[PDB]
Amino acid sequence: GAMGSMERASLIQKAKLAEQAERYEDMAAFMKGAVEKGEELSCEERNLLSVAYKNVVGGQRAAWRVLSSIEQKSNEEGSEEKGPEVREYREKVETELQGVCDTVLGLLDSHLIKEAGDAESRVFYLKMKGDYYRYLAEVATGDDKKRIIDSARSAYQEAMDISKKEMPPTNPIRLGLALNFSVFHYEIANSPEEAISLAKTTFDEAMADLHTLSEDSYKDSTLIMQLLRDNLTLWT
Amino acid sequence: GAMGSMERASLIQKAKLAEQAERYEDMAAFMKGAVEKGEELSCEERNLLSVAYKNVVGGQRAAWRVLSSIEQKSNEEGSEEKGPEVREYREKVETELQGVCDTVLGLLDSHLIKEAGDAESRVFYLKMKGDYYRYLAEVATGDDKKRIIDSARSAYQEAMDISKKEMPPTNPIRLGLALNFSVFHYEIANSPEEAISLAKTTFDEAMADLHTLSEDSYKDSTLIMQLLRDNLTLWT
Amino acid sequence: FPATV
Amino acid sequence: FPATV
Ligand SMILES: COC[C@H]1CC[C@@H]2/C1=C\[C@]1(C)C(=C([C@H](C)CNC(C)=O)C[C@@H]1O)[C@@H](O)[C@H](O)[C@@H]2C
Ligand SMILES: COC[C@H]1CC[C@@H]2/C1=C\[C@]1(C)C(=C([C@H](C)CNC(C)=O)C[C@@H]1O)[C@@H](O)[C@H](O)[C@@H]2C
Ligand SMILES: [Mg+2]
Ligand SMILES: [Mg+2]
Ligand SMILES: [Mg+2]
Ligand SMILES: [Mg+2]
Ligand SMILES: [Mg+2]
Ligand SMILES: [Mg+2]
């Protein structure tokens, strides 16, 4: 596409500059261009890709939630019918969000996942696949809502199976995957008990593996562990 | 343009929704579409237009500053030549910023300013004109840098002359105009003494007019007065 | 909302 | 940076 003429290393460089500048749409476009060069991504490059799109779709989600809440109140008993505008603009944001999710899912399917053989890349990408189907599910209503939910579940489950076989319990990717799959259970799949069980088991098994880590590996790990605890406190 | 098929009232409605959602690019596009309907803007609509574009160009400016600082350090003695990427990406953001400023200046010239006859609209739009030429000046270097600076000065000055004749000293538009013209003097025109004199005179003359106001008019006014004082404290 | 990473 | 409105 429009990044086809730019060197891979230059795209990576500019993705890092965009991050520093909090220009996440640009970041995402640079990283999409880098993925489309066809080479596998390194560990640091995978993080650039995920950060970029997480921040883009995060903003879209926050806006969608604002508009959906306005829309719902606008459809209460005793609310003045204020016309089609709120629905229209919610739909506009929704379609843009879906477009970004489809773009990410397309990068993962062409051809990041199929070429990822090491656990740390394969689980990373399958977690992203679950995440972006989850974001599609957050806005889904039609005939394919259940299929979108199952697509998210299936990606998360494959990631979970690999992570438990191939990674230590304190691995940050394993921990973040469990965090998000637990949220998927609570918020998407109407399975709060599974969400709580997964978060607690994950936390406890990570606690018992901390003793093997250096001081630095004891960081993003206890960081994500605190998010698991935060969620458990919200949920119980 | 792309808003040509949407009702003016619907564009205004959606601009307010975009603001609530912190979707300022959308906000700006809706308000551009509203301006292009060709009718004058009300007081509230003028505020929607200015907020939208202020937030868009504000983000671009913040990013430009991050990248320009990286670029400058990259051009220090003993800095590894890291290639053209930082300059390129700074230029990309700069060109996009210039594009937004040109769009705003085009709306003001076609035909907001020429149809604005009441002081509160004419000063408002001329202040915006000064502001967006100021943002162009912040990134300007070539043959027309001095002309861009003088365009900003000329718009601010016409706004100042009208505001002093036609508005009370506590009028928030008059106060905000003086605030920004003072910053123009300090940061753009290399005239810190004029900046300080303007901020102090404005503050003192507003102080002496507060007694005429209701409790609410005593609000955005003392709000902007505090910004004048903040700047004076930074500058002295 | 609950936390995700 | 100084304040503007
Ligand atoms: C596809 O899922 C990516 C998830 C899995 C967990 C974690 C992930 C994303 C990123 C790149 C990382 C984060 C850690 C928690 C950041 N630390 C701090 C703030 O102190 C947050 C970032 O969003 C990484 O650093 C972390 O190593 C890994 C990759
Ligand atoms: C073209 O220049 C617009 C400037 C002139 C001063 C002020 C302006 C902009 C807006 C629309 C307004 C502001 C006041 C200060 C907001 N108050 C608070 C936060 O408590 C900030 C907004 O950016 C307005 O409300 C204020 O009335 C006027 C219009
Ligand atoms: Mg090459
Ligand atoms: Mg839809
Ligand atoms: Mg289990
Ligand atoms: Mg009409
Ligand atoms: Mg340039
Ligand atoms: Mg004077």
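Along the chain as shown, the residues are counted starting at 1.
Each Cβ is built from the backbone N, Cα and C atoms, and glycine gets one as well.
The expression tag annotation in the PDB entry covers A:1-5. Outside the expression tag (A:1-5) by six or more residues, the chain places 11, 29-30, 32-34, 36 with a CB less than 8 A from a CB of the stretch.
Feature annotation from Swiss-Prot assigns phosphoserine to A:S10 (among others). Cβ-based neighbour count (10 Å, all protein chains) for A:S10 (phosphoserine) stands at 19.
Spatially close to A:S79 (phosphoserine) yet at least six residues away along the chain are A:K73, judged by Cβ distances under 8 angstroms. Taken from Swiss-Prot, the feature phosphoserine applies to A:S79 (among others), supported by a large-scale study or a structure entry.
In this view, A:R61 (site 'Interaction with phosphoserine on interacting protein') is surrounded by 16 other Cβ atoms within 10 Å of its Cβ, with every protein chain counted. Residues or ranges marked as site 'Interaction with phosphoserine on interacting protein' in Swiss-Prot: A:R61 (among others).
Feature annotation from Swiss-Prot assigns site 'Interaction with phosphoserine on interacting protein' to A:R134 (among others). Around A:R134 (site 'Interaction with phosphoserine on interacting protein'), the same-chain residues six or more apart in sequence whose CB sits under 8 Å from its CB are A:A152, A:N180, A:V183, A:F184, A:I188, listed in sequence order.
It is 30 Å from the Cα atom of A:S10 (phosphoserine) to that of A:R61 (site 'Interaction with phosphoserine on interacting protein').
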